[PDB]
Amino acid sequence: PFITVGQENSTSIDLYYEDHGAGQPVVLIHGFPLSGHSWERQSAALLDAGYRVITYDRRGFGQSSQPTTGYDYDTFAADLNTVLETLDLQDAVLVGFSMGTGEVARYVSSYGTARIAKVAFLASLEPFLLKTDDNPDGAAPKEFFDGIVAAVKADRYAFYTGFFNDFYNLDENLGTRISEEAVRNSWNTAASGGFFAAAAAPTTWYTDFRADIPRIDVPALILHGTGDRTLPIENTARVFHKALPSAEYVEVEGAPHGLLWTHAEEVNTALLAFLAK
C-alpha cells in the first residue's frame, strides 16, 4: 500500500506502508538501510497486546520510491506529516529506531504534537553526532561520517557486509541472537534500497537536533544498547537523557545497534511497559 508524499519530475514519490490491528495507533519508523519490515518482532508483540501498528518505508528504502532528492530531516519529517494527516491519526505513538528517531524529533519540533500521545527513541541519533567546538559531546568528527559515505559510493553491496557485522555485533551474536539467515535478509533489504539514498542518507545522520529536543512535549522513552558500536551510547542516549530529562530511560545490557532483532524481548518488554502508561 502507498501514500504519495511529493513529486519527482514525471513521477510521484510514494511511500510503502502497512496498517494492521485495532487499538491505539503506534507508528514505527525504521533505520538505515532497512524498511518497516525490520520491526517484525515488535510488530508481533504490539499486535499481541491489542495495538494498531502502522509502518512505512522512508523514501529511498524498502518498497518506497527512490528519488534522488529530499535526503534531509525537514523532508523526512514532511513525509511523516503527510502520512499522519492522510491516515488522520489521533492519540498516536511515534516510535523511531536510529534514523527514525530523527523523524520523531524533527516532526514534533516543526509540526507539534496535536496528534501525538507518546514518543519513543530507540538507538537514537540525538542530540547531534558531530564532534565540534560547539558540540564537544559528539561521537566523531565529520570526516568519519564522510568516510562512511565514501565507502557506500565505492560499492554499496560490499559496504553492507561490514556494516551489518558491526550493526549486529556479529562476532558476539551470530548463531546466538541472530542467525546467518536473518542477516542475509537484512542485506537483501539494504540492496533493494535506492543507490542514491544509500549514499545520501548517512549525510543526515549527523543532523543537529539540539533545537528540536526542547519541543518534545509528550511522554517519551529513550532506549539504547550498551554495546552499540554504530552510535555510541555515551554520545547519543546518555547525552539525550540529559537534554530530555522527562523521558523514561533504558539501557539494554550488552545489546548492539541492531537490537530490535537481537534483543527483541528486552526491547518489547520495555516498549510495552512504556506504552501501558
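Residue positions are given as counts along the sequence shown, with the first one as 1.
When the Cα temperature factors in the entry are averaged, is it 31-39 or 207-215 that ends up higher?
Comparing 207-215 with 31-39, the higher average CA B-factor belongs to 207-215.
Between 240-248 and 51-59, name whichever shows the higher mean Cα B factor according to the PDB entry.
Comparing 240-248 with 51-59, the higher average CA B-factor belongs to 240-248.
Reading the B-factor column of the entry, which of 186, 86, 98, 169 has the highest value at its C-alpha atom?
That would be 86, according to the entry.
For the listed 24, 12, 262, 268, which has the peak Cα B-factor recorded in the PDB entry?
Answer for 24, 12, 262, 268: 12, with the highest C-alpha B-factor.
Chain-wide C-alpha B factor ranking for residue 113, given as lowest, middle or highest third:
According to the entry, residue 113 has a C-alpha B-factor in the chain's highest third.
Chain third (lowest, middle, highest) by recorded CA B-factor, residue given as residue 254:
Highest third of the chain for residue 254's C-alpha B-factor.
Place residue 231 in the lowest, middle or highest third of its chain's C-alpha B-factors, as listed in the PDB entry.
Top third by C-alpha B-factor.
Per the entry's values, where does residue 124 land by CA temperature factor relative to the rest of its chain, in the lowest, middle or highest third?
Middle third - that is where residue 124 ends up once the chain's C-alpha B-factors are sorted.
When the deposited Cα B-factors of this chain's modelled residues are ordered and cut into thirds, is residue 66 in the lowest, the middle or the highest one?
Answer is lowest: the recorded C-alpha B-factor places it there.
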